[PDB]
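Scroll down for the structure; my scribbles are underneath it.
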Amino acid sequence: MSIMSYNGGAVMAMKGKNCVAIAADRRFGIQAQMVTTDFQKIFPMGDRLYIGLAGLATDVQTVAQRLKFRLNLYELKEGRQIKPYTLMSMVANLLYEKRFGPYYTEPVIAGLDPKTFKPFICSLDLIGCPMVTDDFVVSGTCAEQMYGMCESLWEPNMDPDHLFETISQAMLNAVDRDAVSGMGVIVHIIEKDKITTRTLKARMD
Amino acid sequence: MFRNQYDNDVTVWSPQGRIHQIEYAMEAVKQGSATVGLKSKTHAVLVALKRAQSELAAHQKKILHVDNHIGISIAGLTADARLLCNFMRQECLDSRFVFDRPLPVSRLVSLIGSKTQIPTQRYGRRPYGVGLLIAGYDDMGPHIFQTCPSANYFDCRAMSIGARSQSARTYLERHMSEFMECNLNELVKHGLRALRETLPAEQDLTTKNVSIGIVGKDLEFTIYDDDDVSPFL
Amino acid sequence: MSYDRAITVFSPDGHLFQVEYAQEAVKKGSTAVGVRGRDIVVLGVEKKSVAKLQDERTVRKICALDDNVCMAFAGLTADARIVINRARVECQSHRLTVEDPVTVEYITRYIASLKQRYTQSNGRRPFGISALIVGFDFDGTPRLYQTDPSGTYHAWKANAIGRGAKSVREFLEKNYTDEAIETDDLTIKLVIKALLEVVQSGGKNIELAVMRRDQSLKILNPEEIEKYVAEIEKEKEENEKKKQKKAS
Amino acid sequence: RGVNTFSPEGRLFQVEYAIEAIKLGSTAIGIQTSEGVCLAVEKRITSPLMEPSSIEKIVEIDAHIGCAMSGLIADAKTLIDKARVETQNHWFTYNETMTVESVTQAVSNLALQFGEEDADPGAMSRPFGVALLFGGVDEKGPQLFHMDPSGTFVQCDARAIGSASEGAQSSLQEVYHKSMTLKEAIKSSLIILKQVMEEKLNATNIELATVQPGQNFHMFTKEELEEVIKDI
Amino acid sequence: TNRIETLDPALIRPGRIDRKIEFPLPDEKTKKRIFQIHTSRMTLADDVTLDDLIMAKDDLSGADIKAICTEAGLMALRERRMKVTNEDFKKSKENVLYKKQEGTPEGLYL
Amino acid sequence: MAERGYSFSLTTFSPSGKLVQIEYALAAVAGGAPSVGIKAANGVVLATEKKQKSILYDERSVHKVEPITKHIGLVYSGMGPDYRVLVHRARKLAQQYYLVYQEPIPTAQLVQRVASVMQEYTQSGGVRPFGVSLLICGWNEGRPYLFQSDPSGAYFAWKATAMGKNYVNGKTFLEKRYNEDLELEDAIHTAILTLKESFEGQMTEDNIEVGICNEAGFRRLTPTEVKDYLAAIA
Amino acid sequence: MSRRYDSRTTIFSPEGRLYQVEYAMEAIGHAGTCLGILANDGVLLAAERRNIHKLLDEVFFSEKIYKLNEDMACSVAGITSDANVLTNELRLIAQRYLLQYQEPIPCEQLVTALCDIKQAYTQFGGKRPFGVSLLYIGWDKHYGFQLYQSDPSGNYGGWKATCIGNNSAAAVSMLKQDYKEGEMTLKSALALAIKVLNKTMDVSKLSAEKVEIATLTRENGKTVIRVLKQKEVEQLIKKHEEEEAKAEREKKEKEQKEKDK
Amino acid sequence: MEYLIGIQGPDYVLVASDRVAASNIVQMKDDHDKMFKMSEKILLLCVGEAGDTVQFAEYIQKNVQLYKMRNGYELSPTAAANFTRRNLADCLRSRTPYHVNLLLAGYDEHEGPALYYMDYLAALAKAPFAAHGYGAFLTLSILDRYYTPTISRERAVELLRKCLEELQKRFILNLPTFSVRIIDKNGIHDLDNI
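Chains as they are written, first to last, in this note's numbering: chain A, 5 to 209; chain B, 33 to 265; chain C, 30 to 277; chain D, 2 to 233; chain E, 3 to 112; chain F, 299 to 532; chain G, 278 to 538; chain H, 1164 to 1357.
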C-alpha cells in the first residue's frame, strides 16, 4: 500500500510510575502473504534503553546498524555513558539525511535512566522533527485508532502489574486492526532493578 | 661558476641580467642543418640540405608540408618539431571550418609564439631548440618569417639558419638587389651558390642532399626531391 | 600537496643506482631454492630461529595464491603481501573471464609489469623484491619461473636465489644433470642436502614444502626430515668404507 | 640538479646515456634486400639450467610489420603494447593496412613524455632506453627503419646495432649489395653473427626471421636454423 | 677503516689498491672455534658446557668473547679459587648482553 | 606552482631521535609573559600578566584570555598571533559540533581537536606548527577540569602549573605552597603571589588578568574585584 | 626549477635499507616497558608507568592501555602525539567490518591494516613516516586467545610471551626461562610479570602506582575485561616481595648447609 | 517461469530450482538452471531478471572466495547472507536495477544447516521451508500439512514427489516439472525428476 506498509506493524510504549513499558508486534510476510509471525523491530542499546523503529523492514535493518556505529564510536571518545537524550538527537540527525530518499522510519525511544532514575520516552517523525512524548507513545500505520485507545485507557498512576494489563489489552485490540495479519507481539517491562520480557498469547490463523 | 645554478633556474636573472637558457638555445640552432630562405616577394624559394647519418641510409626530410599555401623548413632536432606541427595544422583546420579563410600566416605566427613564451615565464619548459624558416603565400603576397625558440619573430626578405649562416647572409645582401620581383631560375642558382657558403665548402655539391621547394603567385606547396632538382639545374 | 615530484632520478652513465641497490637488498635476504621433477615441484626455504616463545602461527615464505601455484620470495614480509593481493584479485578476474585458471607465466607478467612501470613512471619506485614462482596448470608439466626487480621474467630448470648463492648453484648443477628420471625421494633429499650447506647443520633450520599435482601442498613433519637426515649420514659412512673395500 | 634541464651544451643528458646502456646489450642484425627483410638476433644464453626457449627479443608486431628491439629489455615490453594496439585500432576504423613508417611515428610521439616540466607532459621521468629496427612489407615494398632512442627514425636498408656495432657495420658494408639474393644474405648475416660470438654457435642462442610476400611474417624454426648452419 | 663506504674512490685509485678485505659477521661455528683457544689458557672444568654458552651467544665477535672469559676469570680470583663453574660464565655473558642492546628487532622475515 | 613546494616537513627525524623544530618551540614558549593556573576544585583560577611596554595603548583592548565557549576558556604562553588564529578555528569547530547535538561540550574532545590541527601541521610540510602552549580551563558539574596542551601535540591533567619566563623556578615555588583545601578567593591570592615571585615589573589592576570557571562556568572578573583581593593580601 | 627545496629525503642509499626507518627504533626503546604474557587461561598484560607527580592527576586507569575492541586492547609504545591519530583509524575499520559482516573483525585482519599504511609511505607518498609498536591482547571464539605484536618495520609476530620497551634483550631472556610450554595459569603469571619487571626497574622500591596491570579473561559475553585496582596490585606486589625474601632466605640456609665460606 | 521451493530437513536441504534452455515462447529444450554453487558449503539459487541474475551472482562468488583464501578461513553462511543483503540494499536505491530474489541454502559445519530467503524489497529471513514464484501456491499447503518439525530423511523424498504430481494435476505453466538439488555436508547431490 504505502512505502512503510507492505508488512504493516504497530508499536506501543506506556509509562508507569517507577517503570516503563514498550510493546510491539512481530510478523514478517512479503506483501500480504504471511510467511512468518516473527521479526523484531525493537532492539536495545544497553539494557535499559530501548529503541523501536517503524519503517519498512529493509530500512529498519540498515538504520539500526547505523545507530550502532555512531553510538559506539561516540561512547568511546567521550569515554562515559550516553544518555537517552543523546540517543534522541542522534536519531534526528540521521533522520534529516534520509528525508530526500525513500527511507522513511518512525522511531520511538523508551527507557528509564538509572544513573538519573527518571523515566524517558520520545517519538520522532519521519520528516525528522523530534517530539518529546508523555505518558503514552504510539507508532504504526494504525496510529489514529491507537491514539484513541491510549487517550481512553490511561490513568495517571500505574503499577507494573496494572501497566501489564493495560498494554496487553492494547496489543489485543491492535492485532484485530491489521489487514496484514500481524500476529505475535512482545512486551518488555522495565524497572531500574529488573526487566521482564513477555511474549503474549493471541489469535492464530 | 654557477653554471649548474643557471640551469636549475629557468627563472634565471644574473647581474648582467642575462638569460643563459636562450643562449643554450641558440647553440642548439647552430648544431642543425643548413637552410636558406629567399623571396622576390612574388615567388619564394628555399634551398634546404637534407643529410644522411651514414652510407647505407638515405636522407631525412626537413621540408614539411604544413599546408597547401604555407610551409616550413626545420633546422634542429626532429622530435620536438612534430609536436609543434600538429598544433599549427589544427589551428589551420578550425580557421577553415569556422571562418573559411586561410588566415594571415603573419597572424598565425604571432599566436603560436605566445603560448610558448608564457611557460618560459614560469616553472618547467626546457627550450625547444629548433629554429624555423616559415614561408607562406598570403593575401598580400608571400612573406617570410624566422621563428626562433626564443620566440623572436621577425619578417625578413631572406634569411638563413645553419653553422656559417653569416657567410651566406653577406652574399644575400650583395645579390639582394639583383633579386627584384622576377625570375624563378635566378633565385635558385643564387641559392645553390649560397648554400655552398653555409657548408665547410670541402664537400662538393650533390643532388641527393639538396632539396628545392617553391611557392609563388599561382603556386602552392611543391617539393623537388633528389634527381628532380636536375631539370632546374 | 599532490606531490607529483620525481622521487626517482635517471642514469648518469647508463646505470640506475637504485636498481643496483635493489639487487643488494636481495643478497642480504633469505635462501630459497626451487626444484622441478615431473609430478613435483619443491620449494625449500631456510629459517633462522633461536626463539621458542615465538609462535609457529606465523606466516611462512611459501605463499598460497591459486590451488596449484605458490610464490616464495626474498625481501620484506610487508612488500610481498601487497604483491600477493594483487595476484589474488587478478586470478579471480581471470577466473570469471576465461572460466578456468590460467597459465603461471601470465600471472608473473602482471607483477613484473608494475615493477618496471614504477621505474619508468615519475613519483614512484619498485619494492625491489625478487621471487620464485612455481606451480602447475591442468598439465603435469611443472613450472618454475623466476621474477626479479629488473622487470624481467624467465624459465629455469633449477634455481637458487639469496645469500651464499654461488656455492649451492654449482652443487645443484652437479646434482640434477644426471637425472632425466623423476626420483622424487631423492629430489627432496638432495634439496635438503643443498640447503644444509648454508644452515650450518640443523633440520631445525630447514623447511621444505612440497607441491605435487592433484592439489597436494604439504609442509613436512619434524620426523620425516629426521628420517631423511639419518639415511644421509648412514649412506656416507657405509659408502666410504665400501669404496676402499671394492678396489674396482 | 634537474633532469628537466636542457643542458648548457643544449644536447640533453639522458639521451646520450641511453646509447651506453645499449652498448651493453646484445647484437641484432638487419639486412633488407631487394625482396624480403631479414632480421637476425642474438638472444644468448649463459648457464645450462636456464631455458632461453622461453626467451625471445624479436617479435612480430603484426603479420606484415615486425620489430627487433635492443637495450633495457623491460622498457621494450611497455613500448610494444602501445604500438600493437594502435595498429589494431586502424583496422577497426578503416579495416586497412598501416605503413611500417606510420606505425614508427606513432610510437615516437610517446617517446617524448620524460620530465614533469612543461616541455613534456609528465607520466614518465625518463625515456625508453631501446632502439628498434622496424621492418615491414607494403606497396612501398620491403623497407627497414632504425628507430633511434633519440625519439626519431631514420630509414635504412642495412643496419647493425649492438656492442659490436662499430665493427659490425664495417663488416656489413663489404657483404651488402643493392642486389643480392635473399638466401645468400642469410649466409652473409650468419658470418658477422659468428664473428662477434665467444660462446658456441648453436640454434639455442640465435634466432632468424624474415618476411617475404609469398608467406607472411615467418619465425624460423630450429630445424630450419640447423640447416642454415650446415651450409656455411 | 671502520667502514670503507666512508672512503673516496680517489683514495683507492685502482692499480695501487686492488684488494678490499671484508671481515664477515659472526658465524655460529666460528664462535666455538675462537673460544676453544681462549679457554685453554684459563682454567677449565668438567661442569662447563662449551656449546651452551656459544649457542646462547649470537652476533658477538672475538673481542667480546676474549673479554667474557677475562671477566669471569676475575670473579673467580675474588673467591680465591682456580676452578671455574657455569655460574661465572652466566653473569659475564649477561653483563656484556646488557650493555650492547636497547634496540627493537627487525627480524621475522618468514 | 600552486601545489608545489615542500611536501615533506621541515621537522625531521634525527639520529638523536629528537625533533628539532619541537625542541625550539619549548624555547618559543619560554619567552611568554608569566602564567599560572590553580584549580580551586569547585572553582578554577587562571591568571597571567599583561606586560605593558608602550604607554600608548587604548582601553584594555586585546586580551590573552578569550572564551571559546560559555563553559570553556583558554589562556596560553607562546606567540600572540598564533593564539588569535588558534582560537578562531577551534571556536568555529566547538560551536558547529555542539549545535548538531544539544548536549554541552566535554572537555577532552576540545583537546582532541586542538591537538589534531597541531599534529596535521607536523605531518605535512609547507606550513609550520604553532608555537603556543595552552591551559584549557572549564567547569561542568562534578567532573575534573584544568588541562594543559602542548605545541608537541600532547596533553596532560594538572592540579596546578605555570608558564612563561622562568617556568621551572615558579613551578618549584608553586609545588610547595599549593596543598589541600582552598577557596576560590584563596586561590586568587595565591596565584598573584606566585606571579609576583616569578617577576613583578609592577602589578596594577591592569597588569593582571584573572578569570575563573565556577558558578555556571566561565565568568570574567571586574577590575575592581581583583583590586579588592590585592588589598586583601598584597 | 619547480622543486629543489628538498634535502633528498626518504631515499635509498648503499645502506640497502632506509635511514629514517632505522632511526625510529631507537625512540621506541626509550619508552616505558610493556609486557605481554599469554597463557592457556587468560591473557596477562602489564605496563610500567612513566612520570607521575602529585600535581599530575589520574582521570582513567587508561593511560597506556586503550580499548580497540570489546575483546581487543593494546599497549602503544611511542610518542603520544602520533599515536592518537593512528588509533582512531584502527578503531574505525573494525566498525566497517562489524557493519557488513555482522560479527567481530578477525585480530589478524586488524593488524594487517596498520602495516599497509606504513609501506605506502615508504614506496612513495610525500608524508614523513612514523613509528609505533602495539602489543595486542585479544581473544576469538574459534581460535581462542591471541597475543600479537606489531612494529613499524612491517614485521608483526605472534607470541606466547614477549616484552618490549626498555631492556628488551635481558627481559626476553629471563622470560624465556621462567616460562614452561603450556601448563600456565594466571596465578603463576601474576608472579612471573613482577619478577621480570623488577629486574628491569632501577628504582629499588616497587609500588602499585608505577605499574598498570590488567588481565583479559573469558567467562561471559566474549570476554570479561579486568582493569586491576591499586590495592589489588599492591597486594600482589607485597606477596611477591615476601616470596623473593623467602627465596633468598632458603638459599642462605643451603650455603650454610654446604659449609659456610 | 520463476519458481523455487525449499525444505530443510535436519540432515539435508532439498531445493527445487527452475530449468530452461530454449525458452522464448516455446519449449523445445530445458536443461539450464539459474543457480550457481557459491562454494561447497553454500549453494545459492536465484530468480528475477535474467541478465541481472548472472551479473549479480558472479560478483558475489568472486568476493567470497577471496576472503576464504585471505583469512584462510571460511565464513558462516549466516554471515554471508547479511553481506549479500547489504549489497543488494544499496542497489535498490541506485539507478542500476538489481531487484532479484535469492535463496541462499547453506550448511553449517558445527551449527547445522540454515536456509535463507531474499526478497526484492531486500529482506533476509530464515525459514525451515518457504517457497517463492508460481510454484509456491501449490507446494506450501503440502509442506504445511505433510511436514512436521524434524521429520526423517526418507519422508522428504516422498514429500517432494507429491509436489510434482500436484503441479501435473492442477495444471500450470507449459514446461514440465522442476530440477531438484540436494545440499548436504557431503556436498551437493542430485534428486532425479521425471
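For each residue, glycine too, the CB sits at the ideal point set by N, CA and C.
When we look at the beta-carbon of residue i and count the other beta-carbons within 10 Å, is it buried (16 or more) or exposed?
i, result
"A209 (chain C)", "exposed"
"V388 (chain G)", "buried"
"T492 (chain G)", "buried"
"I131 (chain A)", "exposed"
"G105 (chain A)", "exposed"
"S1315 (chain H)", "exposed"
"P449 (chain F)", "buried"
"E301 (chain F)", "exposed"
"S146 (chain B)", "exposed"
"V508 (chain F)", "buried"
"residue 554 (chain F)", "Any answer about residue 554 (chain F) is impossible in this case: the structure gives chain F only from 299 up to 532."
"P159 (chain B)", "buried"
"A522 (chain G)", "exposed"
Going by the CB atoms, is the gap between residue j and residue i shorter than 8 Å?
i, j, result
"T137 (chain A)", "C126 (chain A)", "yes"
"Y10 (chain A)", "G59 (chain A)", "no"
"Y18 (chain D)", "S40 (chain C)", "yes"
"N151 (chain C)", "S8 (chain D)", "no"
"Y169 (chain B)", "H97 (chain B)", "no"
Any beta carbon of chain D sitting closer than 8 Å to that of residue i?
i, result
"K186 (chain C)", "yes"
I want to verify the contact list: residues of chain K whose CB lies under 7 Å from the CB of residue i, in sequence order.
i, result
"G3 (chain D)", "Within the model displayed, chain K is absent; protein chains A, B, C, D, E, F, G and H are what it includes."
Beta-carbon of residue i versus every beta-carbon of chain C: anything under 8 Å?
i, result
"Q1218 (chain H)", "no"
"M70 (chain D)", "no"
Keeping to the same chain, check which residues put their C-beta closer than 6 Å to that of residue i; ignore five residues upstream and five downstream.
i, result
"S189 (chain D)", "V176"
"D63 (chain A)", "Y107 and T109"
Leaving out the 5 sequence neighbours to the left and right, which residues in its chain are closer than 8 Å to residue i when beta-carbon positions are compared?
i, result
"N234 (chain C)", "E75, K76, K77, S78 and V228"
"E266 (chain C)", "none"
"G33 (chain A)", "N11, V39, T40, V184 and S185"
"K469 (chain F)", "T459 and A460"
Starting from the C-beta of residue i, find all residues in its chain whose C-beta is less than 7 Å away, skip the five residues before and the five after it, and write them out in chain order.
i, result
"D139 (chain A)", "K19 and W158"
Any beta carbon of chain G sitting closer than 8 Å to that of residue i?
i, result
"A455 (chain F)", "yes"
Touch test, the stretch 160–169 of chain B against the stretch 101–110 of chain B, Cβ-Cβ under 8 Å, three pairs minimum: yes
Cβ contact (3+ pairs, closer than 8 Å) linking the stretch 178–191 of chain D and the stretch 162–170 of chain D:
no
Note to self: Across the stretch 181–194 of chain B and the stretch 60–79 of chain B, are there enough close Cβ pairs to call them in contact, namely three or more that are closer than 8 Å?
What the structure shows: yes
- Message: Using a Cβ distance threshold of 8 Å, determine whether the stretch 87–105 of chain D contacts the stretch 113–127 of chain D, with at least three qualifying pairs required.
- Response: no
Check: Are three or more beta carbon pairs between the stretch 94–103 of chain E and the stretch 66–76 of chain E nearer than 8 Å?
Finding: Verdict: yes, contact present.
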